[PDB]
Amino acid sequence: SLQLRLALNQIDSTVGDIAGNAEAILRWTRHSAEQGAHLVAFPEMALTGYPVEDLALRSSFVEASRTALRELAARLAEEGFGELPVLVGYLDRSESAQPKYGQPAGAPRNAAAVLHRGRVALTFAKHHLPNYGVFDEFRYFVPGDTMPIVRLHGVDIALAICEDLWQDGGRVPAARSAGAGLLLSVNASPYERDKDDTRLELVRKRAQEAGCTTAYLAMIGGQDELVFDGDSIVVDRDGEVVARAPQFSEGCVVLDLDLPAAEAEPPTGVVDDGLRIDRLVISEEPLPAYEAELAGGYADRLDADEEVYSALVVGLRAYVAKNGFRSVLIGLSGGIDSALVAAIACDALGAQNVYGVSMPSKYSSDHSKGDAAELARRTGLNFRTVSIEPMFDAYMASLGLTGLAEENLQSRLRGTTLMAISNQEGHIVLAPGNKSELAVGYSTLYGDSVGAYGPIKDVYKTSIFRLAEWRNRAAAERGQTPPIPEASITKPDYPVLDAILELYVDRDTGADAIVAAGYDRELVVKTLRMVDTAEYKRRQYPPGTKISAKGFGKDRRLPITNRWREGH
């Protein structure tokens, strides 16, 4: 059967940096054309970045998106890629009012276009916009009611965007009745820790369902709280893995495929979900046969610890880099949390760009002071110490604080110290709070409530130990110095606590069901109560890397003012 060479470019866009994203697309297309590619693909919304949020509700950004796509198509042909079809995600809008959905004038569409002959040759838009998920595209977006097909070199190529493939009955069976030979799906899929290979089972099912080879191209990188894992795959007609890209790295997959010829009298008009077939004929004629040397390759998988740790690195790196910043500032208590954050920061930015501050009190211990200095020594960290003891006395003199009030003073001092240093020196403060402390609203003591990014805020304490231990082990595996002091590692209880939180916060099981799983009623009700009342504390917590599907995402929330008590 017919052969074709497809290049899939798993790249990293920056939200709003339209011109810079356009430059990268051009740069990666040239790099693709050199490898003999016949089609070049880029992820969902690659021109604008993702998720773009309320910037989708502005005519100026939509128009900037629209104009730049036209200019990129023209720049492609001017560079001599006018015969080369390039599929690019971008943001568009509906011109008409929408009677069929109930959307006004100029509602945005999550779109993708095929760039050919110095022009925009085809334009379709995401069809399925789910109720669930993180992105509220359902509220505001006009869907595409189109089944986009491209005749290229005798092959019908079907196109889709992300959540299209989540729908039972959408563009996947619509591709079948249109007689697709290759399904090309462009994606921006936020990372989600799961022991299942959710990516493979989705594409497997949908490839057999479409009855053709399915290519799934995904964005990589971090945007605010989210991280895109990459992990692009190609999977064949029978569900077997043709090629697979790495998790959490920029990269290209250029490969040769064997694809069925398209029916010379092909179907037209409405298909499965009510989608009209939008044909575009680049080449009706089959391509001259050539040596199919390239298979794409199966990139090495990451283990559970490595995979999470990588997401954390990419998350933190992107927040720093894409906001203009070079450097971070981390308060060092000698504790396990800060040590893991420092380690993540060194991998993200380089040790030169991470600055540590030890902030001791009069009654703060000597292993606290020591382990911070220890951590500094093994990382290459810019370490310093400033005692909060002088400011403590200054406050205590003209206030006279006792008990709970006087303990809270300590942390606000350290917060102020970190904030003041970063104001002078140009750093971003990192908040050290983990998911366990955040859930129950635990007292920070080193000013966790202060900070601009919280790298481990979605990681349970049980997993913090597991990640630190892996990291130290990862260093030793390659002769490098283990970064985290062992005294930091080895100094209701955490494993039971995190287990109950996982049931309640991530799997949304109630008190009755948690006790039935084998946990003690008193401590269950106490823990849940504490989670519920911690609302206001975590509404005001800094952004950080989300690695779970549901959790403390700003998407779901309890009232602050709330007299409901669980387990009455």
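Don't overthink the numbering: it's just position in the shown sequence, from 1.
- According to the entry, the deposited sequence places 10 or more unmodelled residues between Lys491 and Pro492.
- For the segment pair 365-373 and 108-116, the entry gives 365-373 the higher mean B-factor, averaged over Cα atoms.
- Averaged over their C-alpha atoms, the temperature factors of 389-397 and 244-252 are higher for 389-397.
- Reading the B-factor column for the CA atoms of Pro143, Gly315, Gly403, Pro190 in the entry, the top value corresponds to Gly403.
- Across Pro266, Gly324, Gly230, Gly454, the entry's maximum B-factor at the CA atom is seen for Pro266.
- For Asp532, the recorded CA B-factor ranks within the lowest third of the chain. Only modelled residues enter the ranking.
- In the deposited entry, the Cα temperature factor of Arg556 sits in the top third of values across the chain's modelled residues.
- Placement of the Cα temperature factor of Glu284 within the chain: highest third of the modelled residues, per the deposited record.
- Placement of the Cα temperature factor of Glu522 within the chain: middle third of the modelled residues, per the deposited record.
- When the CA B factors of the chain's modelled residues are split into thirds, the value for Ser177 lands in the highest one.
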